[PDB]
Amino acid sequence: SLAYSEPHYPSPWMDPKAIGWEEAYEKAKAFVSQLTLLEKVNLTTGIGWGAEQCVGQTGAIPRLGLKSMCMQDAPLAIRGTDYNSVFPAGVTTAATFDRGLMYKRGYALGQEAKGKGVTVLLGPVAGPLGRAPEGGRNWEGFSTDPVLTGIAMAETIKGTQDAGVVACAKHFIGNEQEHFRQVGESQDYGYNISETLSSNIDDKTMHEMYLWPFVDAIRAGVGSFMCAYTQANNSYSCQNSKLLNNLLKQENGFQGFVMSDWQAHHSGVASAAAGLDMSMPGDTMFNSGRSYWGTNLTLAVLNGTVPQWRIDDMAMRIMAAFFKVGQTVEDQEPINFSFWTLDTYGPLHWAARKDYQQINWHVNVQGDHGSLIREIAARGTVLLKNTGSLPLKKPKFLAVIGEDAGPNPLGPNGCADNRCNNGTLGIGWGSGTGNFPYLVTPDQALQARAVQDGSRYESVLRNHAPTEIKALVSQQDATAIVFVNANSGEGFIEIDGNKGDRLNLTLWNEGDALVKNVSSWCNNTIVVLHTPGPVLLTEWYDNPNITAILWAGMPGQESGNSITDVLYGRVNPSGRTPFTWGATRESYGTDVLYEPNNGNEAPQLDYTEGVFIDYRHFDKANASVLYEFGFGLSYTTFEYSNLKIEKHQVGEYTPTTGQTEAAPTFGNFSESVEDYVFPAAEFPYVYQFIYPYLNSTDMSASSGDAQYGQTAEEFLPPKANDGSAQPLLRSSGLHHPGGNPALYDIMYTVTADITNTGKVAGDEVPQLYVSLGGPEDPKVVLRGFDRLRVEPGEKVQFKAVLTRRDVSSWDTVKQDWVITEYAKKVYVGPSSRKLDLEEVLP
């Protein structure tokens, strides 16, 4: 009954004919073939926590002029530096339903990363997907929906990598919550567990939901993946061969490299054989001075436990990702910041406190990304309710209410890793953040607008001030705009009992009681919500005194300007909620696991709900919805008509057959153990730094590993060291990453007309849903969408395609995608429940 993860070996090696990777492969081959074993180990092993400048860094190869590779957070900003931008969070980006904006954000991020000397930007995020709305880090990702998220991953990645930086799809996989993600962190919170939470996911659910968006990332050409902290069926993701070897590298033919999350790598030989390619930040645990790779990897190659073909492939994947995005060994942008301090001068080697020099150049990489940020946040703002009060036009009297309207009195970067819920909520907390160059609060932008218009403007920037608030908002003609929030983030930070994950789905800082009080005192109350995910609006949303409600998510640096643009109709809102607003906590049907459920061993997160999370659950159970997935209003109206479906002629879905090549080796290495000894007369051994060298020619003593001495055959599973040609999986694509290319054959083109039946120009977000028709299938699933500009009175065409994959189901008996015999239907409309146009697939 304890969930089990099958062995899948050997770890697949790169394919020289993989489309998109052919040129990268050859550049990697020419480079890797020149390398000594120590130099290959330098590539694969991080230099340690705090070792130099970036969040993580590899060893350098200074013989060939390769500077150390810089791995830097975050998905929405370059973390821990200055003169960068802070972009809107993934969840706000997802809410745009706008491919172009997703690409532009990705590109701008990559430009900032490139300008700092970053090699790999640690984003975007398809895990967590959003199994449960209390998930602390859901806001870093995109949507609960696998299609929207998959598209957002692909667009973001294409942008970042077009800007010349490697992207990293994380976290792979099943890190849906922060509770019990790490042993030490759990123990310091009073949870005595010996291993991290295990996500136990059935094969169908894996293929149709959690894996799906990462496959889109693979097909978009993502250079790297990050394996998760958590386990999958009680094997840690970074040594999980089912995950890394089979699903990622075999079935979906991934050609890039897998890096560990920071302290997610727990074993040397076992992880490498299971598909891990880079150990970040390089040490066993932060500041340990030791590594599961480094010296140990050198020794494992020297003693035979790790084959040469395997380490050669790790270096090939790392270098091929580097070359794929256009980085060169000659013209590397120097690392021009230090993560560990904003000081211009300090130790290059931070943990060791050595090599004092200039470590921050304070390079301005912001360009004109401010206005792009302002635009994305406005387009990802969801108008949930409007009885006529919006847009605002020369109002007599604005009363802006709430702490979330105002500044953090200690400044927008006053708290490390954004760990306060003081002032306006620009982004959440944790590693998925960066330092603001500024943070425009609603109060600043709304005042300036009011003064320009001759509107009266007063604000009370506290949630608990009923005397003052009542006296203000109860006056004649007041338009009360109440800003309220909820917050969440990464598990290393805790605010008021919220350990990463949210304890509840209410507003913070007495937000709910504030909104009830203001709406009881003022019949023109407008509520703006800054939240990482849904909160329960049930007790107050239906008050007619609340004339409008907006969810503005995590807008990033231009918050105040974005919301003012929407409030006054400079942007006509089109953004759609990328999750469901349920009536209760229980209506969601999933929740965070807050208490260990397996004694002192690994807690078990059984995904018994299957694919029925968010709107799939709400539709199937008919649970209480306030606002459905894909819902959002505009200041105009739209009419749907004229649905048409054109059937395409396609060939049969043919199983992929044949063999891989035998695993190649690139270059050779000396057999003299003395050649691998630490070169002490060349440079000093730096404290806590992670090196490839042995301390002496005694291999056993050099390991410092009390269990040293066993061979692959007695501690790894069968075929872990098998470098012979391997049969291809029928679901794989021959030379085609992302699965059998026949999956992406277009089977239908769907079209419909959209007419703007109101007075003003606006964007519409038509959506395409499919009913796959089986009794265990969701009622409808998202399969396409667009964002289209329509003038008053104008008619525009929505056009979208359905691939074979889009109408298939994973058949676990077959281990492939099948189109089931059940009648499928197509729906098109402005939301998951406004299914205006319907037609059966012909």
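The first residue of the shown sequence is 1; numbering continues from there.
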Out of 342 to 350 and 592 to 600, which stretch has the higher average CA B-factor listed in the record?
342 to 350
Name the higher of the two by mean Cα B-factor in the PDB entry, 660 to 668 versus 425 to 433.
660 to 668
C-alpha B-factor winner, where the candidates are 704, 610, 632, 128
704
For 405, 108, 643, 527, the deposited C-alpha B-factor is largest at 643
Compared with the other modelled residues in the chain, in which third is the CA B-factor of residue 186?
highest
Residue 831 - which third its CA temperature factor falls in, relative to the rest of the chain
lowest
Residue 119's Cα B-factor: lowest, middle or highest third of the chain?
middle
C-alpha B factor of residue 782, ranked within the chain: lowest, middle or highest third?
lowest
Quick check for you: using the entry's CA B-factors within this chain, is residue 680 in the lowest, middle or highest third?
highest
